[PDB]
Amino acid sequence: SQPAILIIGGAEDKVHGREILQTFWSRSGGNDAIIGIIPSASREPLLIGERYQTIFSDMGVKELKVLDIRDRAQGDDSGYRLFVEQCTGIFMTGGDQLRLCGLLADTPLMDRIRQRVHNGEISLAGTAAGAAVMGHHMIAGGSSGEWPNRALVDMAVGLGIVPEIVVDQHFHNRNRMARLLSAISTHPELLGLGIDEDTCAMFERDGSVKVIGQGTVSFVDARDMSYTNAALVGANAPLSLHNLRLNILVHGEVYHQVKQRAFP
């Protein structure tokens, strides 16, 4: 029941065993959990907030609240501030990652959530857009069907929960490898995580990353790159990336951030 950060690739199971959502429930304190749901990424926040309210209520918790922030000023809310002081876990729904950042970045309520996560007090999960915002550097958009090039990926600032990574989501399902490689070419100091649908990278306080769920997490590491043309070529030109390390993990496998290596 140790607090953790769950980075979920979207379209997670809401109907069957709900393994990823049950893990967030357990790491939030299970029957003792006080869980806040942030549906700000969505233009249907009532429907999506109610969906997760029903799921976590059915699992059994102490308290639930939808933190239904629709305008930056709605973060300035007495009940939401109190709830964040009391909570054991926060869940960020899908939608649009630029909308979620637009509404929550550089707000006192999000600064307090981030502080409580960084201090090891509460769990945080984000799915789809809620996963995309985890890095300092965020993939806000970008196509498939192209070789890697700077113009392929739309880069933005995320919420900086895990500043050393760049997240992509619905990863193999939407063929997003080239846009993630294009992001890593821009920021080769960052470990890239490409997270499939109904798959999760769970960050633990000891530096380990545990993979949970149906698909894969791709760890794309350019920290030992021998050469790139990135400095030499135009925005639409193909990128070269030499000596990348790739680790494709499934459920139960671990990537250790200190060791910079994966384990079965």
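Start at 1 with the first residue shown and count on from there.
Stretches 17 to 25 and 243 to 251 differ in mean C-alpha B factor, with the higher average recorded for 17 to 25. With 194 to 202 and 60 to 68 compared on mean CA B-factor from the PDB entry, the stretch scoring higher is 60 to 68. The PDB entry assigns the greatest CA B-factor among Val209, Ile38, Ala231, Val217 to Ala231.
For the set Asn175, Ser78, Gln169, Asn149, the maximum C-alpha B-factor listed in the entry falls on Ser78.
Residue-level temperature factors show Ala156 in the middle third of its chain, judged at the C-alpha atom. The PDB entry assigns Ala183 a C-alpha temperature factor belonging to the lowest third of its chain's modelled residues.
Sort the chain's modelled residues by C-alpha temperature factor and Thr127 lands in the lowest third, per the entry.
Among the modelled residues of its chain, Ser42 has a C-alpha B-factor that falls in the highest third, as given in the PDB entry. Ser226: CA B factor in the lowest third of modelled residues in this chain (values from the PDB entry).
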